[PDB]
>>> print(open('input.cif').read())   # mmCIF, C-alpha atoms and all ligand atoms
data_query
loop_
_atom_site.label_atom_id
_atom_site.label_comp_id
_atom_site.auth_asym_id
_atom_site.auth_seq_id
_atom_site.Cartn_x
_atom_site.Cartn_y
_atom_site.Cartn_z
CA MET A 1 -22.38 -47.46 -4.19
CA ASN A 2 -23.52 -45.60 -1.03
CA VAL A 3 -25.69 -42.45 -1.04
CA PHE A 4 -22.99 -39.89 -0.07
CA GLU A 5 -20.41 -41.63 -2.29
CA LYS A 6 -22.88 -41.25 -5.18
CA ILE A 7 -23.10 -37.50 -4.42
CA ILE A 8 -19.28 -37.25 -4.39
CA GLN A 9 -19.04 -39.05 -7.71
CA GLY A 10 -21.82 -36.87 -9.11
CA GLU A 11 -24.26 -39.73 -9.78
CA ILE A 12 -27.02 -38.05 -7.75
CA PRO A 13 -27.70 -34.32 -7.35
CA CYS A 14 -27.60 -32.31 -4.13
CA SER A 15 -28.01 -28.77 -2.79
CA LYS A 16 -24.33 -27.94 -2.56
CA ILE A 17 -23.50 -25.30 0.07
CA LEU A 18 -19.72 -25.22 -0.27
CA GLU A 19 -17.06 -27.40 -1.89
CA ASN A 20 -13.27 -27.78 -1.57
CA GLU A 21 -10.60 -30.09 -3.14
CA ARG A 22 -10.96 -32.37 -0.05
CA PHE A 23 -14.48 -31.64 1.32
CA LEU A 24 -18.08 -31.07 0.27
CA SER A 25 -21.09 -29.63 2.11
CA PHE A 26 -24.79 -29.81 1.25
CA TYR A 27 -28.27 -29.59 2.77
CA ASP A 28 -29.88 -32.61 4.41
CA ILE A 29 -33.03 -33.69 2.52
CA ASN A 30 -34.75 -34.51 5.80
CA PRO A 31 -33.94 -31.47 7.98
CA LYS A 32 -34.08 -31.73 11.78
CA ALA A 33 -33.47 -27.99 12.26
CA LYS A 34 -34.17 -24.70 10.47
CA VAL A 35 -30.76 -25.00 8.82
CA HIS A 36 -29.40 -28.54 8.51
CA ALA A 37 -26.17 -29.07 6.56
CA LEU A 38 -23.86 -32.06 6.13
CA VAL A 39 -20.07 -31.84 5.81
CA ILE A 40 -18.32 -34.79 4.16
CA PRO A 41 -14.78 -35.65 3.11
CA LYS A 42 -14.48 -36.46 -0.60
CA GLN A 43 -12.02 -39.18 0.40
CA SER A 44 -13.59 -42.56 1.09
CA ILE A 45 -13.79 -42.84 4.89
CA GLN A 46 -16.54 -44.50 6.87
CA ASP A 47 -16.70 -42.70 10.21
CA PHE A 48 -14.84 -40.42 12.64
CA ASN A 49 -12.58 -43.25 13.80
CA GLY A 50 -11.08 -43.43 10.28
CA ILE A 51 -10.10 -39.75 9.81
CA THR A 52 -6.49 -38.61 10.37
CA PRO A 53 -5.84 -35.65 12.64
CA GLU A 54 -4.22 -33.70 9.73
CA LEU A 55 -7.44 -33.96 7.73
CA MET A 56 -9.72 -33.07 10.63
CA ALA A 57 -7.68 -29.88 11.00
CA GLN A 58 -8.56 -29.05 7.40
CA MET A 59 -12.19 -30.06 7.97
CA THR A 60 -12.41 -27.78 11.01
CA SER A 61 -11.25 -24.97 8.76
CA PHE A 62 -13.86 -26.02 6.18
CA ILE A 63 -16.59 -26.18 8.84
CA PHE A 64 -15.93 -22.55 9.79
CA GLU A 65 -16.39 -21.64 6.12
CA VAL A 66 -19.73 -23.46 5.92
CA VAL A 67 -21.33 -22.01 9.07
CA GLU A 68 -20.20 -18.54 7.97
CA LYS A 69 -21.69 -19.04 4.51
CA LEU A 70 -24.92 -20.23 6.13
CA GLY A 71 -24.87 -17.20 8.48
CA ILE A 72 -25.36 -19.32 11.60
CA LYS A 73 -21.76 -18.99 12.85
CA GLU A 74 -22.73 -16.28 15.34
CA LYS A 75 -26.39 -17.22 15.84
CA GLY A 76 -25.40 -20.67 17.14
CA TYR A 77 -25.16 -24.21 15.82
CA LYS A 78 -24.66 -27.85 16.81
CA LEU A 79 -21.84 -30.06 15.54
CA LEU A 80 -22.57 -33.80 15.52
CA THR A 81 -21.16 -36.97 14.02
CA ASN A 82 -22.34 -40.53 14.68
CA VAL A 83 -19.67 -43.21 14.82
CA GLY A 84 -21.15 -46.63 13.97
CA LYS A 85 -24.66 -47.99 13.59
CA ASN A 86 -25.04 -48.35 17.37
CA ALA A 87 -24.66 -44.59 17.76
CA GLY A 88 -27.31 -43.96 15.09
CA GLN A 89 -25.16 -43.77 11.94
CA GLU A 90 -27.32 -44.67 8.92
CA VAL A 91 -25.12 -43.70 5.95
CA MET A 92 -21.65 -45.26 6.21
CA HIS A 93 -19.50 -42.33 5.08
CA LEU A 94 -18.00 -39.91 7.58
CA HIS A 95 -20.26 -36.90 7.95
CA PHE A 96 -20.83 -34.08 10.39
CA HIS A 97 -24.32 -32.71 10.98
CA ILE A 98 -24.53 -28.94 11.32
CA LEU A 99 -27.76 -27.77 12.86
CA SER A 100 -29.08 -24.36 13.87
CA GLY A 101 -32.38 -22.83 14.94
CA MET B 1 -14.62 -18.75 37.40
CA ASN B 2 -16.71 -21.24 35.37
CA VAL B 3 -17.38 -24.89 36.24
CA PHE B 4 -15.02 -26.52 33.69
CA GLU B 5 -12.36 -23.84 34.28
CA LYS B 6 -12.53 -24.73 37.98
CA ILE B 7 -11.92 -28.39 37.09
CA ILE B 8 -8.92 -27.40 34.98
CA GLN B 9 -7.38 -25.36 37.93
CA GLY B 10 -8.03 -27.79 40.13
CA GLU B 11 -10.57 -26.15 42.39
CA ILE B 12 -13.28 -28.81 42.07
CA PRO B 13 -12.82 -32.59 41.72
CA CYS B 14 -13.90 -34.76 38.79
CA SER B 15 -13.84 -38.36 37.53
CA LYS B 16 -10.86 -37.97 35.24
CA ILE B 17 -10.87 -40.46 32.34
CA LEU B 18 -7.71 -39.28 30.55
CA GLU B 19 -5.47 -36.21 30.65
CA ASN B 20 -2.53 -34.72 28.78
CA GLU B 21 -0.62 -31.40 28.38
CA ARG B 22 -3.35 -29.75 26.29
CA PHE B 23 -6.58 -31.70 27.00
CA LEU B 24 -8.60 -33.29 29.78
CA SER B 25 -11.48 -35.79 29.76
CA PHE B 26 -13.92 -36.73 32.51
CA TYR B 27 -17.37 -38.19 33.14
CA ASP B 28 -20.49 -36.02 32.97
CA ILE B 29 -22.21 -35.82 36.38
CA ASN B 30 -25.61 -35.92 34.69
CA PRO B 31 -25.23 -38.73 32.12
CA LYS B 32 -27.50 -38.87 29.06
CA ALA B 33 -26.12 -42.25 27.93
CA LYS B 34 -24.64 -45.41 29.46
CA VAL B 35 -21.19 -43.88 29.00
CA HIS B 36 -21.08 -40.08 28.88
CA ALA B 37 -17.67 -38.37 28.80
CA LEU B 38 -16.61 -34.76 28.20
CA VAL B 39 -13.44 -33.73 26.36
CA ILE B 40 -12.12 -30.23 27.09
CA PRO B 41 -9.08 -28.17 26.11
CA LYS B 42 -7.06 -26.96 29.10
CA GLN B 43 -6.58 -23.70 27.19
CA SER B 44 -9.26 -21.07 27.85
CA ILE B 45 -11.55 -21.37 24.87
CA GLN B 46 -15.30 -20.75 24.87
CA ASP B 47 -16.70 -22.81 21.99
CA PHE B 48 -15.88 -24.60 18.72
CA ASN B 49 -15.66 -21.31 16.81
CA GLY B 50 -12.63 -20.33 18.92
CA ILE B 51 -10.44 -23.43 18.41
CA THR B 52 -7.61 -23.40 15.85
CA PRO B 53 -7.42 -26.20 13.30
CA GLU B 54 -3.96 -27.26 14.63
CA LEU B 55 -5.42 -27.84 18.08
CA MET B 56 -8.50 -29.69 16.82
CA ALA B 57 -6.11 -32.07 15.06
CA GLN B 58 -4.53 -32.80 18.45
CA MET B 59 -7.97 -33.07 20.08
CA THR B 60 -9.09 -35.57 17.43
CA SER B 61 -6.05 -37.64 18.37
CA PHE B 62 -6.98 -37.25 22.05
CA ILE B 63 -10.61 -38.22 21.34
CA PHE B 64 -9.48 -41.52 19.82
CA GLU B 65 -7.52 -42.18 23.03
CA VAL B 66 -10.53 -41.58 25.27
CA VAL B 67 -13.07 -43.70 23.34
CA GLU B 68 -10.55 -46.52 23.24
CA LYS B 69 -9.92 -46.20 26.99
CA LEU B 70 -13.69 -46.26 27.56
CA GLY B 71 -13.97 -49.30 25.26
CA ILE B 72 -16.73 -47.76 23.15
CA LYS B 73 -14.51 -47.04 20.11
CA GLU B 74 -15.77 -50.13 18.28
CA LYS B 75 -19.18 -50.47 19.95
CA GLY B 76 -20.21 -47.02 18.69
CA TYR B 77 -20.42 -43.47 20.02
CA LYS B 78 -21.75 -39.98 19.31
CA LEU B 79 -19.58 -36.87 19.06
CA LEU B 80 -21.33 -33.59 19.88
CA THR B 81 -20.42 -30.00 20.68
CA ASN B 82 -22.83 -27.08 21.15
CA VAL B 83 -21.69 -23.71 19.85
CA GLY B 84 -23.42 -20.88 21.70
CA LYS B 85 -26.37 -20.64 24.10
CA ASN B 86 -28.84 -20.78 21.20
CA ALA B 87 -27.59 -24.27 20.28
CA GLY B 88 -27.99 -25.44 23.89
CA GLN B 89 -24.53 -24.66 25.31
CA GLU B 90 -24.82 -24.23 29.09
CA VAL B 91 -21.18 -24.17 30.25
CA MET B 92 -19.14 -21.60 28.30
CA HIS B 93 -15.95 -23.58 27.76
CA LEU B 94 -15.38 -25.62 24.61
CA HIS B 95 -16.37 -29.21 25.23
CA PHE B 96 -17.26 -32.28 23.22
CA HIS B 97 -19.84 -34.75 24.50
CA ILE B 98 -18.98 -38.40 23.93
CA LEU B 99 -22.12 -40.50 24.27
CA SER B 100 -22.51 -44.25 23.79
CA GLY B 101 -25.29 -46.36 22.16
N1 LIG A 201 -29.80 -38.44 -0.77
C1 LIG A 201 -29.55 -37.72 0.35
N2 LIG A 201 -29.17 -36.42 0.27
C2 LIG A 201 -28.92 -35.69 1.38
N3 LIG A 201 -29.02 -36.20 2.63
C3 LIG A 201 -29.39 -37.49 2.86
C4 LIG A 201 -29.68 -38.35 1.69
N4 LIG A 201 -30.02 -39.55 2.18
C5 LIG A 201 -29.95 -39.49 3.54
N5 LIG A 201 -29.58 -38.26 3.94
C6 LIG A 201 -29.39 -37.79 5.35
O1 LIG A 201 -28.25 -38.38 5.98
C7 LIG A 201 -28.53 -38.59 7.38
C8 LIG A 201 -28.28 -40.05 7.77
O2 LIG A 201 -28.35 -40.20 9.20
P1 LIG A 201 -27.02 -40.45 10.09
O3 LIG A 201 -26.25 -41.50 9.31
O4 LIG A 201 -27.52 -40.88 11.45
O5 LIG A 201 -26.31 -39.12 10.12
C9 LIG A 201 -29.98 -38.21 7.64
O6 LIG A 201 -30.05 -36.98 8.37
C10 LIG A 201 -30.58 -38.12 6.25
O7 LIG A 201 -31.62 -37.14 6.20
#
>>> encode(input="input.cif", output="structure tokens", more="lines below")
Ligand SMILES: Nc1ncnc2c1ncn2[C@@H]1O[C@H](COP(=O)(O)O)[C@@H](O)[C@H]1O
Amino acid sequence: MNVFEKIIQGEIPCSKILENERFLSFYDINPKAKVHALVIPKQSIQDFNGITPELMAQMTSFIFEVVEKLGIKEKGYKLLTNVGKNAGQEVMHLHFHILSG
Amino acid sequence: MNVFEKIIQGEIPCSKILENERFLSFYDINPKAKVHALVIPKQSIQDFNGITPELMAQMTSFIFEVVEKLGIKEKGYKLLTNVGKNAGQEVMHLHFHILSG
């Protein structure tokens, strides 16, 4: 019932960059940088506070795969996640912004 | 030889928020938010690209401890790290910015 959950469940399309049994990455429809990707856990979790360390290890691994696929790994990129509406979170599913440019 | 490495060693003082065997947190001397903390690995690592997943699991755990000590865990916060000079990294030691709303 939420925009990223809809993507996970395949209700709405996206520009998929990379996908894993536990994670999914895709382009942001309103880019804030030359390359702007989003990395999300397929599991239903709302923000960074609700991710286990074990899973963030696997996400870190997945993040390296994304930035390397995008070819910005060595050029340089920003890693960002907003925890809660007061820190600017708009969609309530854990997601990391990857920007480079 | 570098400003955060000096803090780790402990050549220059800081406003230590929390510390443990592998990580250290402290306030940023030029805040960009009401609460602005930095989380750094004591191990000599330059940026996010050079952290192992295993260690980022333990850092995630450590990050939860700092935001809860700062009392912004539930109010809301931003998590940011810059990878490389081209993404705005100024100090060349892996660090996560924790900003508050
Ligand atoms: N249908 C969608 N597909 C891809 N990205 C989206 C969609 N709807 C919103 N977004 C992005 O998700 C982000 C929401 O902001 P935030 O919650 O602060 O990370 C924004 O950067 C939006 O551009």
>>> residues_near_ligand(input="input.cif", ligand="ligand LIG 201 (chain A)", cutoff="6 Å", atoms="all atoms listed in the file", output="tab-separated table (two decimals) with C-alpha atoms, in the frame of the given file")
chain	number	residue	atom	x	y	z
A	3	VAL	CA	-25.69	-42.45	-1.04
A	28	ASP	CA	-29.88	-32.61	4.41
A	29	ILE	CA	-33.03	-33.69	2.52
A	30	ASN	CA	-34.75	-34.51	5.80
A	88	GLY	CA	-27.31	-43.96	15.09
A	89	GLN	CA	-25.16	-43.77	11.94
A	90	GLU	CA	-27.32	-44.67	8.92
A	91	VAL	CA	-25.12	-43.70	5.95
>>> residues_around(input="input.cif", residues="residue B:54", least_positions_apart="3", cutoff="7 Å", atoms="only C-alpha atoms", output="NGL selection string")
(:A and (57)) or (:B and (57-58))
>>> closest_residue(input="input.cif", among="B:56, B:51, B:40, B:99", to="residue B:78", atoms="only C-alpha atoms")
B:99
>>> interface_residues(input="input.cif", of="chain B", to="chain A", cutoff="10 Å", atoms="all atoms listed in the file", output="PyMOL selection string")
chain B and resi 48-64+67+72-89+96-97+99-101
>>> atom_distance(input="input.cif", atom1="atom CA of residue B:41", atom2="atom CA of residue B:6")
12.8 Å
>>> axis_aligned_box(input="input.cif", around="stretch 7-18 of chain B", padding_each_side="8 Å", output="JSON")
{"center_x": -10.6, "center_y": -32.9, "center_z": 36.5, "size_x": 22.5, "size_y": 31.1, "size_z": 27.8}
>>> atom_distance(input="input.cif", atom1="atom CA of residue A:44", atom2="atom CA of residue A:5")
7.7 Å
>>> closest_residue(input="input.cif", among="B:25, B:37, B:98, B:69", to="residue B:8", atoms="only C-alpha atoms")
B:25
>>> build_atoms(input="input.cif", residues="stretch 54-78 of chain B", atoms="N, CA and C atoms", output="PDB file, in the coordinates of the input")
ATOM      1  N   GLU B  54      -5.113 -26.559  14.023  1.00  0.00           N
ATOM      2  CA  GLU B  54      -3.960 -27.260  14.630  1.00  0.00           C
ATOM      3  C   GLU B  54      -4.259 -27.964  15.940  1.00  0.00           C
ATOM      4  N   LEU B  55      -5.099 -27.337  16.752  1.00  0.00           N
ATOM      5  CA  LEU B  55      -5.420 -27.840  18.080  1.00  0.00           C
ATOM      6  C   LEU B  55      -6.528 -28.877  18.015  1.00  0.00           C
ATOM      7  N   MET B  56      -7.412 -28.738  17.031  1.00  0.00           N
ATOM      8  CA  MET B  56      -8.500 -29.690  16.820  1.00  0.00           C
ATOM      9  C   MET B  56      -7.960 -30.986  16.213  1.00  0.00           C
ATOM     10  N   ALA B  57      -6.840 -30.891  15.500  1.00  0.00           N
ATOM     11  CA  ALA B  57      -6.110 -32.070  15.060  1.00  0.00           C
ATOM     12  C   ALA B  57      -5.646 -32.870  16.278  1.00  0.00           C
ATOM     13  N   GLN B  58      -5.057 -32.170  17.244  1.00  0.00           N
ATOM     14  CA  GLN B  58      -4.530 -32.800  18.450  1.00  0.00           C
ATOM     15  C   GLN B  58      -5.644 -33.307  19.363  1.00  0.00           C
ATOM     16  N   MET B  59      -6.790 -32.633  19.330  1.00  0.00           N
ATOM     17  CA  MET B  59      -7.970 -33.070  20.080  1.00  0.00           C
ATOM     18  C   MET B  59      -8.575 -34.330  19.468  1.00  0.00           C
ATOM     19  N   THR B  60      -8.605 -34.395  18.140  1.00  0.00           N
ATOM     20  CA  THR B  60      -9.090 -35.570  17.430  1.00  0.00           C
ATOM     21  C   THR B  60      -8.281 -36.798  17.834  1.00  0.00           C
ATOM     22  N   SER B  61      -6.968 -36.611  17.897  1.00  0.00           N
ATOM     23  CA  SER B  61      -6.050 -37.640  18.370  1.00  0.00           C
ATOM     24  C   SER B  61      -6.389 -38.036  19.808  1.00  0.00           C
ATOM     25  N   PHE B  62      -6.618 -37.034  20.650  1.00  0.00           N
ATOM     26  CA  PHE B  62      -6.980 -37.250  22.050  1.00  0.00           C
ATOM     27  C   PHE B  62      -8.335 -37.939  22.196  1.00  0.00           C
ATOM     28  N   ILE B  63      -9.281 -37.604  21.320  1.00  0.00           N
ATOM     29  CA  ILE B  63     -10.610 -38.220  21.340  1.00  0.00           C
ATOM     30  C   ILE B  63     -10.545 -39.716  21.063  1.00  0.00           C
ATOM     31  N   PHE B  64      -9.701 -40.107  20.111  1.00  0.00           N
ATOM     32  CA  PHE B  64      -9.480 -41.520  19.820  1.00  0.00           C
ATOM     33  C   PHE B  64      -8.933 -42.253  21.051  1.00  0.00           C
ATOM     34  N   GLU B  65      -8.073 -41.585  21.814  1.00  0.00           N
ATOM     35  CA  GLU B  65      -7.520 -42.180  23.030  1.00  0.00           C
ATOM     36  C   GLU B  65      -8.577 -42.377  24.112  1.00  0.00           C
ATOM     37  N   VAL B  66      -9.523 -41.447  24.217  1.00  0.00           N
ATOM     38  CA  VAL B  66     -10.530 -41.580  25.270  1.00  0.00           C
ATOM     39  C   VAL B  66     -11.520 -42.687  24.936  1.00  0.00           C
ATOM     40  N   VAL B  67     -12.100 -42.666  23.732  1.00  0.00           N
ATOM     41  CA  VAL B  67     -13.070 -43.700  23.340  1.00  0.00           C
ATOM     42  C   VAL B  67     -12.491 -45.101  23.391  1.00  0.00           C
ATOM     43  N   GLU B  68     -11.183 -45.212  23.182  1.00  0.00           N
ATOM     44  CA  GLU B  68     -10.550 -46.520  23.240  1.00  0.00           C
ATOM     45  C   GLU B  68     -10.306 -46.919  24.699  1.00  0.00           C
ATOM     46  N   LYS B  69      -9.949 -45.959  25.551  1.00  0.00           N
ATOM     47  CA  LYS B  69      -9.920 -46.200  26.990  1.00  0.00           C
ATOM     48  C   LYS B  69     -11.283 -46.592  27.547  1.00  0.00           C
ATOM     49  N   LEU B  70     -12.335 -45.910  27.110  1.00  0.00           N
ATOM     50  CA  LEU B  70     -13.690 -46.260  27.560  1.00  0.00           C
ATOM     51  C   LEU B  70     -14.219 -47.542  26.930  1.00  0.00           C
ATOM     52  N   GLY B  71     -13.584 -48.027  25.866  1.00  0.00           N
ATOM     53  CA  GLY B  71     -13.970 -49.300  25.260  1.00  0.00           C
ATOM     54  C   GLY B  71     -15.243 -49.206  24.440  1.00  0.00           C
ATOM     55  N   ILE B  72     -15.568 -47.995  24.001  1.00  0.00           N
ATOM     56  CA  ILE B  72     -16.730 -47.760  23.150  1.00  0.00           C
ATOM     57  C   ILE B  72     -16.323 -47.418  21.709  1.00  0.00           C
ATOM     58  N   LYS B  73     -15.018 -47.393  21.438  1.00  0.00           N
ATOM     59  CA  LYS B  73     -14.510 -47.040  20.110  1.00  0.00           C
ATOM     60  C   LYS B  73     -15.168 -47.875  19.018  1.00  0.00           C
ATOM     61  N   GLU B  74     -15.264 -49.175  19.263  1.00  0.00           N
ATOM     62  CA  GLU B  74     -15.770 -50.130  18.280  1.00  0.00           C
ATOM     63  C   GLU B  74     -17.234 -50.486  18.479  1.00  0.00           C
ATOM     64  N   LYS B  75     -17.758 -50.255  19.680  1.00  0.00           N
ATOM     65  CA  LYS B  75     -19.180 -50.470  19.950  1.00  0.00           C
ATOM     66  C   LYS B  75     -20.021 -49.380  19.297  1.00  0.00           C
ATOM     67  N   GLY B  76     -19.515 -48.150  19.303  1.00  0.00           N
ATOM     68  CA  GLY B  76     -20.210 -47.020  18.690  1.00  0.00           C
ATOM     69  C   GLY B  76     -20.411 -45.889  19.676  1.00  0.00           C
ATOM     70  N   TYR B  77     -20.260 -44.661  19.186  1.00  0.00           N
ATOM     71  CA  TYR B  77     -20.420 -43.470  20.020  1.00  0.00           C
ATOM     72  C   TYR B  77     -20.819 -42.244  19.213  1.00  0.00           C
ATOM     73  N   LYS B  78     -21.374 -41.255  19.910  1.00  0.00           N
ATOM     74  CA  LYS B  78     -21.750 -39.980  19.310  1.00  0.00           C
ATOM     75  C   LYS B  78     -20.734 -38.924  19.711  1.00  0.00           C
TER      76      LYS B  78
END
